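Consider the single chain below, provided in structure tokens and representing the form deposited without the ligand.
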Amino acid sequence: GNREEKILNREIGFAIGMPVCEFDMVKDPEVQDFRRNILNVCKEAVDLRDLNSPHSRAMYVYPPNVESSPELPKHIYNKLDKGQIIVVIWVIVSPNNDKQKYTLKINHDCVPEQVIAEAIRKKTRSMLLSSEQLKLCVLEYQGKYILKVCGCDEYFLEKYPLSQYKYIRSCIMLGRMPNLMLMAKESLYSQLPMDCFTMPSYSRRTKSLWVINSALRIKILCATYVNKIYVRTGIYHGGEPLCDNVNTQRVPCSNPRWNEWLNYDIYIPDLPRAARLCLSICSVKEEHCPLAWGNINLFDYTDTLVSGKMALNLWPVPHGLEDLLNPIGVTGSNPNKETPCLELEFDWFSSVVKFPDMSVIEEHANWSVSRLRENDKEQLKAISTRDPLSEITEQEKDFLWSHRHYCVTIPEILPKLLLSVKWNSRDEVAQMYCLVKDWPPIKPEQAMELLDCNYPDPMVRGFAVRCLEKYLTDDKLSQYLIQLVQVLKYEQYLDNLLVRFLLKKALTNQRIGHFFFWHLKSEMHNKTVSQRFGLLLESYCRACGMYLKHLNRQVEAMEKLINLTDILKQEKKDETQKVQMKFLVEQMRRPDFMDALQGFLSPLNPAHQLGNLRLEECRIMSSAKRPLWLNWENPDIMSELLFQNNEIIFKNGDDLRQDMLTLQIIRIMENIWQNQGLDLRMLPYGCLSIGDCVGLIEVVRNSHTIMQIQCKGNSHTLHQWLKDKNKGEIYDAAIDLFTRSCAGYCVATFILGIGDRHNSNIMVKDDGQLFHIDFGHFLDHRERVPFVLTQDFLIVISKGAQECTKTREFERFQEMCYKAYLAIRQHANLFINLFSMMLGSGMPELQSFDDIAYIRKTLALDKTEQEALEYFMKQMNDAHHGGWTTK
């Protein structure tokens, strides 16, 4: 077709790793019907970037990186002078990047346009203008310039309160001064390229279930490539068994044949829309051991009941032998055809069998209708407050269902009510569709629970995704983006409402779209999801606009780092580190490598540009698997005001997904403590998995490990190390930042059960901020206390101390842990829901619901708040051999 589309097709294939021609060959009508029906999400998003073309295109490339609430915590407001911050405005005066400055003092709640108004007042002092003259120059220029953070590519393009922007509020909490500069709108708008999205060439191309009077019967035929054995089946509605599992005959592997129909204890019309068949080939010698599993939806994406013969390539069983079936696993045939197959037949009736339309569901729900405060209210309140992992007895399930009409006064109980509905029947599921049709919207953090593997009903998903379209801000969307992308695997079909919601947001926010692309590209090696995500990236790359060119320059940059680290481990592995360096400096000084690793955007933060790299600072670290320490220069004119050298660790060979999740949880826990009034400074540094055990680690500056600090000067060495780098006046600010950072990681590592901390796992900054880096494995491997707080840390917490304990400094450190512990315990449902959405990932420590139960122990969810505190006080006393008695 169009030679411009051929050029676009080659760039899209380079970003996603596979050519677009392979998608044109997929004969699956769902794959082709997705590539066409998804293009209107691209049209609607491009139309938003063109509505008010000057400002909207700028709002897309440089979205306002702001927080969710304009209001500030009380301890944050008290860090202000009469609620006013001092900002420092810079300006270039000579064509040699010489910069002057002038400081303003303005209210925190002011529009950036008002900051520019105060800037004109300060600058026009040598102009000798009258009161009326000052109004002219303001209203002539107030609104023709934009504030920009000095150092990076962050802008202030929207009328948000200045303190709501993340950079400004981060300055407030850290006690620093904002360094901003002015830039004319026309100079920023002229640098915005025009987006040119065109519809691709492929854009141009019964009986009701409730009339079938019979039971569900599925025929198992034979099995090839199996290399005795039986087949175990089951009908699940997303982890909940709809009927009892039945087993085939016990046949030997000589001639794998069954040729038998299996009658299930389920009426055909009573099957739900999200009904699935979960089967497996099991062995038996007693010793029942699974050999291969497989799942298939009883309905296709057109609401058609399955009928006819079909082969199902099974999947290899992962590590650990659980129940013989695997409902939580993905549904669909294995792309690798070497795996054992399984031939099946589904019962044909007369013609096509469709799921009844929504209007027919309303008819049955109206008919089955014709067929409070003393404790009923409190019990419904107590049922809702329980964690999603807590069991719900059968009596409570009927009690919720009986009061399902009163449950609309507390819409947060909806997840508990959906689990109480017997999905095996159709009279109840028909009524449940009517409630969900008019159920009051819930908080977005709560609606995310309705998107894990325990809720597959499409009408239920539609309620959660609609709750996100109203309440989920772009700030929180980027916070939970890793979970929202993982639950895309739990979707029964390619075309659903969650994928259209994430795609439209990624195409109207480049900061969202950036990490959207990389999370999908990272899992592209996994053939289980390589087609669901590959088709999603194609639609994104075809409509993201100019950013695709930036992504390609990032893909080629990471590709060259992978190739180099691959040759380094195969050719010069056992060689000494000197020999490896000579090989490194040679393969990097070549022109093709220098052009690919210079002049692209940082994947850890696209606002940070990466100009020329300082090869003399690039080194192979003395850690495990030879990580690459890379150092770029900041090409910003005012780079000195933020940072001059951008340092990133490229780690090849280790799965960094566990670090991403732990760092994401640390960031979320810090935001919990901060908004309550607990100033505990955590350091959730950047970490982005970019593929199969390859990723990037953000380097924090002026930080040193305990083992490095110990060698730079035995027990009091750490205490003296801070007094040398913090004067007698800053000493109290350094030990304070040290105690508050320890209380956070002491509580965070205990709840999550991270890897054991040692002198190389713990790092300290010059100012006294402490944090961890390793994060081997979370949850389970008498609860484990990874952060033991050795006597070296106790000396710093209690300053000059005879016994460290029985000191007000230590007593105030114990209070910081108790308040932080009960703060995270009050939000237990959130973290449990964040772990639940990660089960579909390849996380070896997040496969079953038993691993998520670890935080239920460390948080003591079954005990009262008084008892849960005494619990935490015991493991600290046991791990420290005293100091936490107080009895």
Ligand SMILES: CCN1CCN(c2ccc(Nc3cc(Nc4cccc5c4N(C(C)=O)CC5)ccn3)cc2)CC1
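The numbering used is simple: start at 1 and walk along the sequence shown. We call the rigid core the largest set of C-alpha positions that still match within 1.5 Å between the two forms.
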**Study point:** Greater Cα displacement in 7 other deposited structures of this protein once the core is superposed, comparing 498-506 with 113-121
**Key:** 113-121
Revision key, fill the gap. Superposing the other structures by the rigid core, the farther-displaced stretch by RMS over CA atoms in 7 other deposited structures of this protein, of 342-350 and 753-761, is 342-350
Point to revise | Coordinates lacking for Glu783, a third or more of other entries | key: yes
Review point. Quick one: is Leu134 left out in at least a third of the other entries we compared?
Key: yes
Revision key, fill the gap. For the neighbouring pair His781 and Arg782, the stretch of deposited sequence with no coordinates amounts to 4 to 9
Exercise for review: Mind giving me a quick count class for deposited residues absent from the model between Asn96 and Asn97? Options are none, 1 to 3, 4 to 9, 10 or more.
Suggested key: none
Revision key, fill the gap. Going by the entry, of stretches 577-585 and 511-519 the one with greater average Cα B-factor is 577-585
Check your understanding: Comparing 796-804 with 496-504, which has the greater mean CA B-factor as deposited?
Key -> 796-804
Check your understanding: Per the PDB entry, which option out of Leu472, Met558, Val694, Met358 has the greatest Cα B factor?
Key -> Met358
Study note, to complete from the structure: Among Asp457, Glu670, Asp636, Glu571, the highest C-alpha B-factor in the PDB entry belongs to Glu571
Practice item. Please place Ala215 in the lowest, middle or highest third of its chain by C-alpha B factor as given in the entry. Key: middle
Exercise for review: Compare the C-alpha B factor of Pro63 with those of the other modelled residues in its chain, then answer lowest, middle or highest third.
Suggested key: lowest
Exercise for review: Place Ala853 in the lowest, middle or highest third of its chain's C-alpha B-factors, as listed in the PDB entry.
Suggested key: middle
Study note, to complete from the structure: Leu129: C-alpha B-factor third of its chain, per the entry, is the highest
Review point. Where does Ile120 sit by CA temperature factor within its chain: lowest, middle or highest third?
Key: middle
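Keep in mind the form solved in complex with the ligand is missing from the figure; the text below concerns it.
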Check your understanding: Quick one: the ligand borrowed from its pose in the deposited complex and superimposed here by the pocket C-alphas, is it open or blocked (3 or more atoms within 2.4 Å of backbone/C-beta)?
Key -> blocked
Check your understanding: Given that the partner is absent here, does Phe849 sit within 4.5 Å of the ligand in the deposited complex, heavy atoms only?
Key -> yes
Check your understanding: Taking 4.5 angstroms as the cut-off for heavy atoms, does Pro290 touch the ligand in the deposited complex?
Key -> no
Review point. Applying a 4.5 Å heavy atom distance criterion, does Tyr490 contact the ligand in the deposited complex?
Key: yes
Review point. Does any heavy atom of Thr662 come within 4.5 Å of a heavy atom of the ligand in the deposited complex?
Key: no
Revision key, fill the gap. Assert contact_stretch over 839-847, 30-38, 64-72, 44-52 against the ligand in the deposited complex, heavy atom within 4.5 Å, equals 839-847
Point to revise | Listed residue (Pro388, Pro161, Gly332, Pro441) with a non-hydrogen atom within 4.5 angstroms of the ligand in the deposited complex | key: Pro388
Study note, to complete from the structure: Checked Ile328, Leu789, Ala596, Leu601 for heavy atoms within 4.5 Å of the ligand in the deposited complex; positive is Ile328
